[PDB]
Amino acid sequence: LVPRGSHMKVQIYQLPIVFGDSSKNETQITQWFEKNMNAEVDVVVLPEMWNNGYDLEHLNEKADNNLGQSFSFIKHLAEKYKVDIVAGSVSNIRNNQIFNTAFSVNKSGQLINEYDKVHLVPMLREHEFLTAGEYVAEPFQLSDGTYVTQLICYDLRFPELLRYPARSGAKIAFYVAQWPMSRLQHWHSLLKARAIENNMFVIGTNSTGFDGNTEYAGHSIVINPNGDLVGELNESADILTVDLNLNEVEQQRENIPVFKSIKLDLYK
């Protein structure tokens, strides 16, 4: 053991999300927590759209309502294992509109974050079935007090969304995704730059497998504030356990103080 206060042990579950089946998805997650959880794990990370996957045409019926089913499911697991869960995202109906809603729950079973994906793919029938988020991603604390941020899949292409959480003090950016195999290089390259430009840890938690339409990339990855690899996965399903040296954030921010030079009001 290392004395507490400078590290965080993270498990990334690179799950093969079942197309349009919330009960098979919930069973798989329960089984992954049972097989993999230990007293030393601080945070578990789940991929994007873990309840129904990309079964967009059936979300009008299959999606959750006000995170009812998904929050209760995650709260039960968080409390049972006394662990924080950066609970990917879920297809969620709110006031007769379908959102791609990310959320996190702490070890005390409290909802700590809720965020609807701001950036819809104007190609992936996402404009046909989903509604774009109307709020920025806000920094929030994990159980150790560490400020973090949670963004979803396509959001990775938008450097603007991470700037506000980074300058507010966020130390870890959790990107939750179902990133295609066809754009694997983009996934690693963008996550690495998000880490460097904001001097912070970046965790990319991706899904894997084929859903009858799209082959997902797998290849979940952890990048430190310097842009160096902490740990990674391949295409196949598995868990990734990393121990993050949190001190590297303030160290990187002292060495390359980008936010002392930012010109917020100038950029067009």
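Numbers for residues come from their place in the sequence shown, where the first is 1.
Colleague: Per the PDB record, is the mean Cα temperature factor higher over 121-129 or over 146-154?
Modeller: Mean C-alpha B-factor is greater for 121-129.
Colleague: Looking only at CA atoms, which has the higher mean B factor in the entry: 26-34 or 45-53?
Modeller: Per the PDB entry, the higher value belongs to 26-34.
Colleague: Highest CA temperature factor in the entry: which of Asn224, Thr208, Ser70, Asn66?
Modeller: Top of the list by C-alpha B-factor: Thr208.
Colleague: Looking at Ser189, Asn95, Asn113, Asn100, which has the highest Cα B-factor in the entry?
Modeller: The record points to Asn95.
Colleague: Please place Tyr135 in the lowest, middle or highest third of its chain by C-alpha B factor as given in the entry.
Modeller: Its C-alpha B-factor, which the entry lists for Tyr135, ranks in the middle third among residues of this chain.
Colleague: Compared with the other modelled residues in the chain, in which third is the CA B-factor of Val258?
Modeller: CA B-factor rank for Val258: lowest third.
Colleague: Splitting the chain's C-alpha B-factors into thirds, which one does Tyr81 fall into?
Modeller: For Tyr81, the deposited C-alpha B-factor lands in the highest third.
Colleague: Split into thirds by Cα B-factor across the chain's modelled residues, where does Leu266 land: lowest, middle or highest?
Modeller: As the PDB entry reports it, the C-alpha B-factor of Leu266 lands in the lowest third of its chain.
Colleague: Taking only the Cα B-factors deposited for this chain, tell me whether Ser168 sits in the lowest, middle or highest third.
Modeller: Its C-alpha B-factor belongs to the middle third of this chain's values.
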